[PDB]
Each structure stands twice: as structure tokens, then as C-alpha cells.
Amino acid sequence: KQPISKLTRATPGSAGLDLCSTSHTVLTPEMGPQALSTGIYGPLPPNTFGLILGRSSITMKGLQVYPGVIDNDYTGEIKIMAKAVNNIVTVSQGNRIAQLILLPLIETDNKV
């Protein structure tokens, strides 16, 4: 397992931490949503939650990443939920497929 702290930012201005799949995977439209492994695990920095989003270049190549919420205290593996939209998409190991964005977790009075 590797923690979120091992992720790298592409540029100091980059909002997202880059996520790659640990496996080579081929996706076709008829397969529907697939969960790609990243080898990266929660949990997140105190008072933050995580949002998995696609990268634009990848989206433009026909791979849709479904927005995923990562809870602050999730300790499992961060997976990228993805689907080939129109064509056959091939994800090579180490292609940066998605990005993790950290956001403030707002405290509310909602019953747990």
C-alpha cells in the first residue's frame, strides 16, 4: 500500500494529484463502469475529503472518469471508476488517468 502523500503534483499550480492504474487494462463501451486499481490508499489529511476526476486529455481520448468522493477516513484502495465512451480504450500501466483533488470537509449538524 502507498499513501496519498506519495502522490505527486504535476506543477505547483496543479490542483490535482495524479493517479495511474497499476494494471494494463482494455475497456470497451459495452463493458460499462470499471474500477481501476491505483495501489494508493486513504486516509486523507485531517478535515479534507477527496474528489477523483478525469484529466482532460484522457477524457478527450474517450475515457470517462466518473467523479468519485473519497471520505476522509477511508483506508481502502483509491480506485478510479472509468468507462470507455465510444471506442476501445487502452490504459497502459503508469498512464496518468485521473487526479485526486483535496477539498475542505465542512462540518454540519446533520445526524450521523
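Residue indices: 1-based, along the sequence shown.
Tell me which of 83-91 and 64-72 has the higher mean C-alpha B-factor in the deposited entry. So the stretch with the higher mean C-alpha B-factor is 83-91.
Cα B factor band for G42 (lowest, middle or highest third within the chain): For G42, the deposited C-alpha B-factor lands in the lowest third.
Which third, lowest, middle or highest, does the CA B-factor of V112 fall in along this chain? Ranked within chain, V112 CA B lands in the highest tercile.
Compare the C-alpha B factor of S5 with those of the other modelled residues in its chain, then answer lowest, middle or highest third. Bottom third by C-alpha B-factor.
Lowest, middle or highest third: where is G54 by Cα B-factor in its chain? According to the entry, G54 has a C-alpha B-factor in the chain's middle third.
Entry-reported Cα temperature factor of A15, expressed as the chain third it lands in: Tercile = middle for this residue's CA B-factor.
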